[PDB]
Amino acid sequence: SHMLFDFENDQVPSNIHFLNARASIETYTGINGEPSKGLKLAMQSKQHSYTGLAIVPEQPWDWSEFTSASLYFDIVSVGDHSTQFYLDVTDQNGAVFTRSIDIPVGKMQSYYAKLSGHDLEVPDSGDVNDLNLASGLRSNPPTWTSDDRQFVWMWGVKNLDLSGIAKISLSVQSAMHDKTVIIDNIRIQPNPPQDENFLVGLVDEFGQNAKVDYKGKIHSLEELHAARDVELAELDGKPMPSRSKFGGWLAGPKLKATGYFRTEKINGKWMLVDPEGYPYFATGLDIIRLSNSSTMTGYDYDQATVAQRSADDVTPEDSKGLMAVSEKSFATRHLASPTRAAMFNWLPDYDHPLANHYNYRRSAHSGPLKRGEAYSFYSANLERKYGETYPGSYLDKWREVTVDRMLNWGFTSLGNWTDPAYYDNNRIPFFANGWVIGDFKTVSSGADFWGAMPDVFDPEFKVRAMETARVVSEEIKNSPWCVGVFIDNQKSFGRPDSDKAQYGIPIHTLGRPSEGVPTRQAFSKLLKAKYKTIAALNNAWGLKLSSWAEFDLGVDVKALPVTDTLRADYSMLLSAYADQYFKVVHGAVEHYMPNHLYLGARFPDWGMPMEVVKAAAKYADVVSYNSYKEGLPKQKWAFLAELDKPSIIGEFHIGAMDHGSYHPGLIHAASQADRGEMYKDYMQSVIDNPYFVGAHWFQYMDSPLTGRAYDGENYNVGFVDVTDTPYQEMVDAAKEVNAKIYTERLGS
């Protein structure tokens, strides 16, 4: 054991730094039962979107002797709210890792983050874009048993330079309430011996955490039917009152009815308006489909037996149907990864009734396999639950139960990425989506973790966009039940870290020649029109270029310091790029679906530069944002006033680890009950915000315990678990919320 901070000297140490937080020392009751001194941390996290502490020693700590060690903290929350801490650990080289956990109120516990050894020793597949551990899980189960709680892996470098640890930071970010905790006994402990079965036998035959019994866990087929039967008894298909046919408000004003979902401002607040003229507000869940419900098993087939992707396809591999596997494929089954295969206590044989829930993926964003067999436990359970009278009948059953669930829960919509077989449900509105993919030219932003950005000035981008919109139009059949269309998702436009980050598309593209790069030519044209002469450009940018043609050879603007004049041109360049994306996209959607709302490209918190946002404001009927935070702080969202566009949250969630999962997700609660409470706080901030016309939750079901095929997300982010059994705390929170969306929003 190596003690760093026990606070028994009664000082707030001068090498801890606090931001929008108050520190003091207090007596409290320690884990062991004795009164100890502790650091009480009162974060002003309601008023400020970033709060916490950072310990920064005089000199970086040298911990290089600790080749198998964890950093421990004792922590508890005080007051009314659980706390999600982010832990950021910085070495002397500017490498940092980020872990996170929930800190409940009540019982104090010990928390640990690995500095070295065990599942860090070989960390991933070698690939920079891999956030997962080498297991293909975003965060693994513990590598030893203890009552202590492992800080959950999020992102960053796994193996820091232990000779120089420069900063340890604990922060509360974008909270809706003030958070207060007590911290004690910050220390280093050598890791105990590694449990070499830690990745062995994780999953039981139902897809659940096999080594943990937890409240609500399924133990036999009979418990699965009894849970099914209690629910099928409660589901009648009656919506909350008094909804109109399209889930709009009966009891409000009645507006113009165009026969399509559209936008209008009511009482100073943006709303949707349903096809019959009633005020509408969108609530619901994303990923109402099976595509993301399979997990890599570790087996592969002969390539000759697997159908290849067509270059024409509008659907990227992550969003494809589950691939039915043929016998000829299955008969060539071989072990590509021992680590994956050993995780499962049960996979079926080819003749077994549940053998149709195998999948094959021909690519993956990340994880230790680039391709391979997968299995959908969720899908298997649908068949366990509902049987298969004719092939795939449990699918029709599921869809019909899903629609009943959504109406019972008071939701007004089926959210993004709803399977298209629900597009004629004709009982609840839905959101449609498409992706523009293909072999058009590309540009780099410096952080394209999911592929290079589109060259939107290349005519082949338009061709592909047109095709994308054609396929959506064919899917939705001009339906009034379609609220509107999302195109794409969190495109990597530019990050807000730095100028080099935000302006990466302009900067990188300026560096290339104009020849063969349509986006470069467009930038060239704009710059030519603003400046006309190479001298005027030379003066603006502080350059010595001999001509426009030298300039068109490509210019390295990386070392130039960003003056105001330079920033205006970066901005103007980013703006024209985004304008062109949104023009092409809007154009295609409008050509095919003249009547439907175009809903944007779903801006993540890490990819909404104001230039791109303002571009979306021009062309999209509704600006969509993804926002994985406790809620919508006023200060982070004040910019909306200047746009005055109706807006929508495409994604958000909160998860916990009390129901078998090893990763709560992006935002963490202390329990199933706390999740539901944290859901209400988020939604409340949506509801109070006069620019938002809806918010969707990501997603319907938990991701597979051993992580989704695509990228290893293994999150407790469902309204239902892998057995298709709903989280009642989530259900109840959604009923409370969905009960007041109209009355509160439009009310007195």
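When you see a residue number, it is the position in the sequence shown, counting from 1.
- Mean C-alpha B-factor is higher over 40-48 than over the other stretch, the pair under comparison being 40-48 and 697-705.
- The mean C-alpha temperature factor is higher for 259-267 when 276-284 and 259-267 are set side by side.
- Remark: of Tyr710, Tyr682, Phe719, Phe66, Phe66 shows the highest value [criterion: C-alpha B-factor in the PDB entry].
- Of the candidates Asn714, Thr723, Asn689, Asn32, the one whose C-alpha carries the top B factor in the deposited record is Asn32.
- Among the modelled residues of its chain, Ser329 has a C-alpha B-factor that falls in the highest third, as given in the PDB entry.
- Among all modelled residues in this chain, the alpha-carbon of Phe449 has a temperature factor (C-alpha) in the highest third.
- Among the modelled residues of its chain, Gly372 has a C-alpha B-factor that falls in the highest third, as given in the PDB entry.
- For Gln490, the recorded CA B-factor ranks within the lowest third of the chain. Only modelled residues enter the ranking.
- Per the PDB record, residue ranking by Cα B-factor puts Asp10 in the highest third of the chain.
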